[PDB]
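Summary of the model geometry
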Amino acid sequence: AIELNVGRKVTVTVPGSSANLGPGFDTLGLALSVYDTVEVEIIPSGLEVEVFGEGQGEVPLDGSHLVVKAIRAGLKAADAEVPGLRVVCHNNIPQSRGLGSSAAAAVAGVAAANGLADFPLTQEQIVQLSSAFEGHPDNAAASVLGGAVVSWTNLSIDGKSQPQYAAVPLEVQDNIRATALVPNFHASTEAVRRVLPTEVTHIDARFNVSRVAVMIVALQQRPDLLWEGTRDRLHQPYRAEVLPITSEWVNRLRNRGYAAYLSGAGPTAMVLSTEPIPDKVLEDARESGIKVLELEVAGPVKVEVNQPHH
Amino acid sequence: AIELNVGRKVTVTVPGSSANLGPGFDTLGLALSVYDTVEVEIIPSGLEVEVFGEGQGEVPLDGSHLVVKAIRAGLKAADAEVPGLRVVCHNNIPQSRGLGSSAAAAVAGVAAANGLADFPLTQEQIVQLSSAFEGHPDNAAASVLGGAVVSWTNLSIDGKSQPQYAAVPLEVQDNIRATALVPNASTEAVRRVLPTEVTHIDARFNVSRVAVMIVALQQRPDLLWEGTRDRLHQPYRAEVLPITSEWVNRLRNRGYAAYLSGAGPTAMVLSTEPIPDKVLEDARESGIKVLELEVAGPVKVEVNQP
Ligand SMILES: [Mg+2]
């Protein structure tokens, strides 16, 4: 293993992301313009980790351990080692709201480690390493690649064998935007997959196959089809049971023609459009205690090298 | 939840520990005179965690997340809340070498949390909390109570929720010392070798020897040798840990009560007189870092700023 020098420092800016996008359960992801910023500096000894981003008076954020584990895993894959690390995080991605906070933290750490080692790893390797941690693969890929992505896993059966995680970028039309409606409750709990059935009808499976295909063309060239492409029968009807309020916001929005869907497993409802959502709709959400984020589709994780080369 | 004051600071000193002690697998534990120091201070905002203690040029140490996890769980149990934490660790307990570094970090965090919240927790609660992170109350209880301890990881209450962890102090003879032989290995998943079943006769053996061991620790150090014999984990770990198993055997073949500390790779010897240099230096040649330890007292918490 090559030893990296004291003073080497990078600054990683990683976007959050939204998964599923309606019918694209465990496969589609969309990077969003809300960011965690992770500075990593090689120091002579010790591990120093700082995490900031919570409101005044509130309890400290999560993910510091996740960023560290990801940095370690990246350094290993880069065949590099360090005598010491200082890690400083400014996290703006809302956590446990279905906006890809954990996945982004893993991506930041792998990408930081890669930058520190002068970038020996490929994008494909970064997607592999970051996806293996806590956050889902469709989120991690979005945070790495930017834009909209298709992701998939090959469960290697010879034998253990960690799964392959792969992803490819979609083209997104430049005028598509994303508006998040983020409720307060840290719920949903991990009982949103205990609600997913073991069996579905062939007809419903068929339905999702065609609507995910429609969603992909909607994203790339037909934003008038976003409403059709965000229909789902594989996960949202079941999760609606657990998130009755989020479901009412999605239904209300969809009934008015908005391409609304459940962000990941919730409770955030996301709306994709080419025009801004009307003020009255957004202020109604805000008065109800729902945070409104008027976001852009984000580009890829960015790694800036702070320490000059000589 | 009650909000604790900004500027309150505690300093926790925690001992490492040795588990099993031969036959007392997942039960016996002994606190040892090598320490971690954890300072925790409530600050206005954010989380700041620092861990130091590795040698010059070495990769940084583990356990910073464990200490934080433990502090959180201790704050929850104390029904306390904080706006921010500064956590600084100086660790001397060698990690992944059977000397209870992980468990001590958990103990440090819960104890720091307890002290920050003005000590509303009982000793028994602190054992429960800190043992939960490891599933190894023998190490955890040792670091909390000090001395030697008997712990029962069982009461897996009940089907299914959080198992209860408890322990009680043994009184150790004052002239009993511990000499650790640390290979300067430790590849994990070490229950490869732990079988699903074992013969009633081998089970018979350990039950009698852990009992001999308790008496040996309390009043008869001449029985340490007999008390440290095992047939429930050490012959199986001997497969994955040779050199360790050979240092154990050639020490037991002389006048010495040697056992596998935790799961290894450290070999530990309990005795009442110092081990001869004419054997220690023979170990230091073969890559072994020799550590002469005493039995430690309980985790200590200083409130350095009210
Ligand atoms: Mg994963």
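Method-wise, the PDB entry is recorded as coming from X-ray crystallography, at a reported resolution of 2.141 Å.

A short note on the overall build of chain B
Along the backbone of chain B there are nine helices and 13 strands. If you line up chain B on its principal axes, its C-alpha atoms span 60 × 50 × 35 Å.

Concerning the UniProt feature "binding site: ATP" in chain B
Residue and element names in this part refer to chain B. As annotated by UniProt and renumbered to match this structure, "binding site: ATP" occupies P94, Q95, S96, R97, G98, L99, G100, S101, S102, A103 and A104. With respect to the secondary-structure elements, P94 resides in the loop between β6 (84–91) and α2 (101–116). For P94, a relative accessible area of 13% gives the class buried. With sequence-adjacent residues up to four places away left out, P94 is seen in contact with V34, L99, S101 and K289. One can find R97 in the loop between β6 and α2. Excluding residues that lie within four positions of it along the chain, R97 makes contacts with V182, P183, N184, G264, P265 and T266.

Notes on the sheet that holds strand β9 (residues 177–183) of chain B
All names here are of chain B. Taken together, four strands build an open sheet; the order of strands is β10-β11-β9-β12 and the sheet is antiparallel. Every other strand in the sheet has two partners, leaving β10 (257–260) and β12 (288–293) as the edge strands with one partner each. Direction aside, neighbouring strands of the sheet carry axes that sit 20 degrees apart on average. As paired strands, β9 and strand β11 (residues 267–271) are joined by five bridges and run antiparallel to one another. Looking across to β11, one finds that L181 is bridged to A267. Where helix α9 (residues 277–285) meets the sheet, it contacts β9 and β12, and its direction lies at approximately 140 degrees from that of β12.

What to know about helix α9 (residues 279–287) of chain A
In an α-helix, one full turn covers 3.6 residues, which means residues spaced three or four apart are oriented alike. Residues and elements named next belong to chain A. Among the residues of α9, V281, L282 and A285 are the ones counted as buried. Taken end-on, α9 shows its buried residues confined to a sector of 95 degrees, consistent with a single buried face. Facing away from the buried surface of α9 by more than 90 degrees, the exposed residues are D279, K280 and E287. The elements touched by buried residues of α9 are β9 (177–182), α8 (244–255) and β12 (291–296). Positive backbone phi, at 85 degrees, marks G289, one or two positions downstream of α9.

Some remarks on the side chain of A:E48
Here A:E48 lies in strand β4 (residues 46–52). A relative accessible area of 14% means that A:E48 is categorised as buried. The residues contacting A:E48, other than those within four sequence positions of it, are A:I43, A:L85, A:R86, A:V87, B:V49, B:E50 and B:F52.

Looking at the pairing of strand β4 (residues 46–52) of chain B
Regular strands place side chains that alternate from one sheet face to the opposite one. Counting buried positions along β4(B) gives seven out of seven residues, so the element sits mostly inside the fold. What you see with β4(B) is no split at all: B:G46, B:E48, B:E50 and B:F52 on one side and B:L47, B:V49 and B:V51 on the other are buried throughout. Direction of pairing for β4(A) relative to β4(B): antiparallel, over a ladder of five bridges. In the strand pairing of β4(B), A:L47 is matched with B:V51.

Re the UniProt feature "binding site: ATP" in chain A
Residue and element names in this part refer to chain A. The UniProt feature table records "binding site: ATP" at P94, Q95, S96, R97, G98, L99, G100, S101, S102, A103 and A104. Along the chain, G98 falls in the loop between β6 (84–91) and α2 (101–116). In contact with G98, other than residues within four places in its own chain, are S17, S18, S263, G264 and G266. Tracing the chain through its elements places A104 in helix α2. Not counting residues up to four positions away in its chain, the partners in contact with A104 are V14, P15, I93 and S143.

Digging into the domain arrangement of chain A
All names here are of chain A. Annotation of chain A at the domain level lists domain 1 (1–171) and domain 2 (172–310). Taking only C-alpha atoms into account, the centre of domain 1 sits 22 Å from that of domain 2. Counting residues at the interface gives 42 residues for domain 1 and 48 residues for domain 2. At the boundary of domain 1 with domain 2, total buried surface from both sides reaches about 3400 Å², with 62% on carbon and sulfur atoms. Contact with domain 2 buries surface across domain 1, with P23, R97 and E171 losing the most and accounting together for 21% of the total. Summed over the shared surface of domain 1 and domain 2, the result is 22 residue pairs in polar contact. Secondary structure elements with two or more residues in the side of domain 1 that touches domain 2: β2 (9–19), β3 (28–42), α2, α4 (137–145) and β7 (148–154).

Quick look at the pairing of β10(B)
Residues and elements named next belong to chain B. Here β10 shows two buried faces, one formed by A257 and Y259 and the other by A258 and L260. Sheet analysis places β10 next to β11, joined by four bridges and oriented antiparallel. Counterpart to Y259 in the pairing with β11 is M268. Here β10 hands over to β11 after six residues, with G262 in that stretch at a positive phi of 60 degrees.

Quick notes on unusual backbone geometry
Among all residues save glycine, negative phi is the norm, and among peptide bonds the norm is trans. Residue A:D158 is joined to A:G159 through a cis peptide bond whose omega torsion reads -5 degrees. Along the chain, A:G159 falls in the loop between β7 and β8 (164–169). The residue after B:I157, namely B:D158, is reached through a cis peptide bond having omega -5 degrees. Inspection of the secondary structure assignment puts B:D158 in the loop between β7 (148–152) and β8 (166–170). Of note, the phi angle at A:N20 is positive, near 85 degrees, even though the residue is not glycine. Relative to the helices and strands, A:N20 resides in the loop between β2 and β3. Although it is not a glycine, B:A189 sits at a positive phi angle of roughly 65 degrees. Note that B:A189 resides in the loop between β9 and α5 (200–218). Residue B:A189 is classed as exposed on the basis of its relative accessible area of 52%.

Conventions adopted
Within every chain, residues carry numbers counted from 1 in written sequence order, not necessarily those of the entry, while residues missing coordinates are excluded from display. Here every chain gets a letter starting at A, and every ligand a number starting at 1, in the order they are written. To obtain the side-chain values, all non-hydrogen atoms of the structure were used and water was disregarded. Residues with missing side-chain atoms are left out of burial classes, side-chain pairs and their counts. Here a strand is any run of E in DSSP of at least two residues, a helix any run of H or I of at least four, and the numbering for each starts at the N terminus. UniProt positions are given in the numbering used here, feature names are shortened, and annotations may be inferred rather than shown by experiment. Note on classification: 1.4 Å probe, protein chains only; a residue is buried when its accessible area is under 20% of the maximum for its type, exposed when over 50%, partly exposed between these limits. A contact between two residues is defined here by any heavy atoms of the two lying within 4.5 Å. At least two DSSP bridges between two strands are needed for those strands to be called paired. Helix axes are fitted to C-alpha atoms over the stretch in contact, other axes to C-alpha atoms as well, and angles between N-to-C directions run from 0 to 180 degrees. Taken from the helix axis, the directions to the C-beta atoms give the arc we talk about. Here the bounds of each domain stem from an automatic or database domain assignment. Buried area is calculated as the accessible area (1.4 Å probe) missing from two parts once they are joined, with the contributions of both summed. Two N or O atoms count as a polar contact when they lie within 3.5 Å, although within protein this holds only if one can serve as hydrogen donor and the other as acceptor, and sequence-adjacent residues are included solely when both atoms are side-chain atoms.

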